[PDB]
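Let's start with one chain on its own, the form deposited in one PDB entry, as C-alpha cells.
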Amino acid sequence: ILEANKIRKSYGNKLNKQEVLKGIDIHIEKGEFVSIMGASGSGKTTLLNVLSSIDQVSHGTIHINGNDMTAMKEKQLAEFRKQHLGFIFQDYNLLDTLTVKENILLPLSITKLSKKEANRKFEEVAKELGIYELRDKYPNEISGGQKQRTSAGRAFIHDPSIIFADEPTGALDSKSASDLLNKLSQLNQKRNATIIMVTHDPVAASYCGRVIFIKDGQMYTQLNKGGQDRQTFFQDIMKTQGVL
C-alpha cells in the first residue's frame, strides 16, 4: 500500500551530522507480510520512526493508500495514524489496574461507539486469538505469551490497514514465539491487512513471504520464497545473512 521513494530524514544536531538513510524504495501490495531485516547499526529503528509517521520527515514522498503524511497538519496526521494504523512493540505496555477485556477495549472508548458492536468485536477477536477464556483475568496472573497476544489483539480492535510491529520476540521463548507468529499468519490470511515486521532473528523472519536486507540504503538483496517449505527458506535467509 505505502510507497517508499527517496525517503530521507534531516539531521544536524550540534556540529557532527550523520545521514542514516541514503535512499529508500519499496512498492508493496495488500496481503503481504514483509520483514525489513538488516544489521546492527544500520538504523532500522530509525526506519521505524520515519516510516511509522512517529518522526517528522524532510524529504521523499510516501503515500499511505494514496494519502501523503506531509499533506496535512500535525493534529490531522495524529488523527490519521490513530484511525488507520496499529502498533505492536517489543515490550508489552499493559496497564495493571485494568482487565484483559478493558485493555483491549480501551482504544475504542473515546470514539463513543455503542456497547454491542464493541462486545461483538472483542468476542470475535478473542475467539480468533484464543484468549476468550481469559476474559476477565488480570495481567498479573497470566503467562508471558498471553500478555503479548493481548497486546497484539489490542492493535486489531479498530480494524486498521497497516500493522507496524517492532520485534515481537524479545522476551519470549521458542514455543510462545512460534505460537504468536502462527496466530499472526492466520490473522493475515483471513482479513486483508499488511504487516511490516522488523526483526533480526531468522527464525521469526522465516515465516514471511518477502525479506528485504538493508546494508546502508536497503539494496543488498531481496528474497521472495514463493514455494518453499519453511526450511529451505530458513537456510536461504541464514546464508544471505552470513554472506555479508
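For the two forms, the rigid core is made up of the largest set of C-alpha atoms that agree within 1.5 Å on superposition. The numbering used is simple: start at 1 and walk along the sequence shown.
The discussion below concerns the form deposited in another entry, not included here.
J.: Once the core is aligned, does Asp179 move its Cα by at least 2 Å between the shown form and the other one?
T.: No.
J.: Please determine whether the C-alpha atom of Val203 is displaced by 2 Å or more between the shown form and the other one following superposition on the rigid core.
T.: False for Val203: its C-alpha shift is below 2 Å.
J.: For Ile54, decide whether the Cα shift between the shown form and the other one is 2 Å or greater, given a superposition on the rigid core.
T.: For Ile54, whose C-alpha is compared between the shown form and the other one after core superposition, the shift is less than 2 Å.
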